[PDB]
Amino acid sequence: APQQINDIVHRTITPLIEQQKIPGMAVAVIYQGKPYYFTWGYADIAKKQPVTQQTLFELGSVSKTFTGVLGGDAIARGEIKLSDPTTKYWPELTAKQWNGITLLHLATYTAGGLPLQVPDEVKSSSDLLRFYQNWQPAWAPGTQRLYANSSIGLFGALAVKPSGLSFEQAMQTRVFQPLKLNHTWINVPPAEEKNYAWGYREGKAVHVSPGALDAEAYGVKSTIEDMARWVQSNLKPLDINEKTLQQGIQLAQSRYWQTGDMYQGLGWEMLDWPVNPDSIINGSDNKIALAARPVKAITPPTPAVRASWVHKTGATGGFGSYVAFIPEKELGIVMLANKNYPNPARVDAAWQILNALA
């Protein structure tokens, strides 16, 4: 790669790996639309397997960006509408607190306090209907944002119902396949297990465990090459040939709600560029990102703004990922690590790299 990119990436990431004791890491920088790859360390410490451009990492909540785009594609196909009540697709949800809660509320964490995590005790489908029927909102719909797997996860599950396809089949057929993300999976096949890195938590090798709505909220695994292609696709959606997918990508970057200086899209979160670094850096800390915050509706939603810092952090017990891009500059970055290290450190590193590149 150009020495400028190589230098900026190595001067930032080497110290990060050292300070955070990250076992393995892969980074892609998209510059002027082209990708440049970097790797360090181990995918599997015990077996001394290095991180490569083919290593699979758990994306954790960056999976929500795929769920948002798949949902956007379903809207573009005319299968669902964000203004539709949740009950239109789950008639069994008859409890009165659901009146007024739409797919938009589920997609954007504004239903009224759905929990961050689905209880471990909820496994069966009956268990899931019961959990949502019994859930009591703390707030009226569309008034407060509380980041939650149980909210966008339910959106993903309902958004694909009209298609008749399973969520995995829909994601594969409508998102992964068209974008040539051939090494991106909801369930890692045996053929690819050799490339699946282990995550590390307190020194122990771990992989994400099955959980309700896992595919929809945090279950995608991908390589640094496929994630670079994912960034390129979201940076320039008009180059995508499949009409509804192009539209779905744009819908996921529309601004539906505002809290502080952040805007909520479908999966993606956005801020106006130039951004104030302390803003996105401090704002990524879970002390802020996972807190209940009042939101102002953007009526109607603002279509995807090119001059935006669009991003998403992700984590599982053993992994930490971050994606950020600026459409207007055809610039972006993907950082995949097999340790869940602090969000601020991720964003600080990304900012230093992207800011130096323009």
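In case it trips you up, residue 1 is the first one in the sequence shown, and so on.
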**Prompt:** If you average the Cα B factors in the entry, which is higher, 317 to 325 or 293 to 301?
**Reply:** 293 to 301
**164 to 172 versus 150 to 158 - greater average Cα B-factor per the deposited record** = 164 to 172
**Asked** Which of these, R255, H105, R145, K243, has its C-alpha atom at the highest B-factor, as the entry lists it?
**Response** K243
**Request:** Determine which member of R201, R229, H207, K221 has the highest CA B-factor, using the values in the deposited entry.
**Result:** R201
**Record-listed C-alpha B factor of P50: chain third** = lowest
**Assigned third (lowest, middle, highest) for the C-alpha B factor of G33** = highest
**Message:** Where does the C-alpha B-factor of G72 rank in its chain, lowest, middle or highest third?
**Reply:** lowest
**Request:** Taking the chain's C-alpha temperature factors as the reference, tell me which third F131 falls into: lowest, middle or highest.
**Result:** middle
**Request:** Report the third (lowest, middle or highest) to which the CA temperature factor of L266 belongs, ranking only the modelled residues of the same chain.
**Result:** lowest
